[PDB]
Structure formats: structure tokens, C-alpha cells
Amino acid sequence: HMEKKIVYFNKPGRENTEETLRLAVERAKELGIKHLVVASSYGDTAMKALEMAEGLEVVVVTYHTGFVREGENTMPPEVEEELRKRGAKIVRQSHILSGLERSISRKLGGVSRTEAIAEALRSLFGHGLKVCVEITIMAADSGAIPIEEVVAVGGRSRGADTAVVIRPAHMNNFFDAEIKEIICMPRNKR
């Protein structure tokens, strides 16, 4: 057995961003992990991650085109260009913990099994954990990370509040993904 630190935040959400990234990088370095997978909708957390990465490869997972308005991206080109210049990979694809079922539930009614899994992760462990899982599958399916332990970072709405060590998998073998360690999360999710 391994006794490790876990950090619990008093509140969820964006105030926790810098500490989450610090702890994420700290654990990655202890484990010899190479990839830091970070959710960033508009680019703030991505930029902070690059500043703090200390040599880790940063894989930024952003919103699918059309998440807010069809055909539009939340992260603007000038931000994306700077992230790429600083060596980030950018993953932009469908959100795999809802998928096409979101169109059906929104327009016609009734949620799917996938959406139920998403909501149980949100409720039990917080939105940031749900996102950690979701972005890891997306990064894997998009070919941005290998099937090796990575550190994933997500949050509630904006910024970051949760970091995990996770073994990735794909949309066709989701039950092979595994949370190895929880580095930090809000004690209070809501």
C-alpha cells in the first residue's frame, strides 16, 4: 500500500485552478507521467497549464464546435495559435459523455445511459471529475495521448478544481478506463 496526499477544496470551481494545476504537475512528476490533459473552454486554464507544466506535454481539450452556437468555437483563433506556439496539442471533438444522445434528449426527451453515467459522476464526484474522465476518452479517440497513465484536469464551469491519474480508453472500450489516483477535488461539489 501507498499513502499519498489528496487535497480537498472547500468550494468547487474556478478559484481552485492554480492549486489544482500545481498538484497535478507535482503528482505527474512523482510518477514519471508525461502528459497533462486539461479541459479549457476559452483557453485560460490551458495557458496557465503551459506556464506551470515544467516540461510535461500539455494536451488541451476544448469544446466541440457548436457547443454554444452552431459553427462557432469558444476558444478564439488568437488563443489557439498561442497555445500551439507554446507546444500544446489541441483536441476539439464531440463530447463523448453525451454524444448524439444529447440531441435526442434535448429535442425529443429522455436521457440515455451515457448521460446517466455523466450525471452520476457529476453528482457523486463533481463536475470536474466527470470532465476529467470525458476529456481523457476524447483525447484518446482523437489520437492525442497513448494508452498510458496520464494526469487529467477539469473543473466546475470554468477553470479547474479536480485532477486525477487515469488510464485512458476509447469510446468502444470505455470500461477499460480506470482512475488510479485522485489528486485533488472539491469536498463540496455544490
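From 1 onward, residues are counted along the sequence shown.
In this entry, 49-57 shows the higher mean Cα temperature factor of the pair 49-57 and 157-165. Ranked within its chain, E181 lands in the lowest third, by CA B factor from the PDB record. In this PDB entry, the Cα temperature factor of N10 sits in the top third of its chain's modelled residues, the highest group.
Split the chain's modelled residues into thirds by C-alpha temperature factor. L23 is in the lowest one. Ranked by C-alpha B-factor against the other modelled residues of its chain, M75 falls in the lowest third. Among all modelled residues in this chain, the alpha-carbon of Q93 has a temperature factor (C-alpha) in the lowest third.
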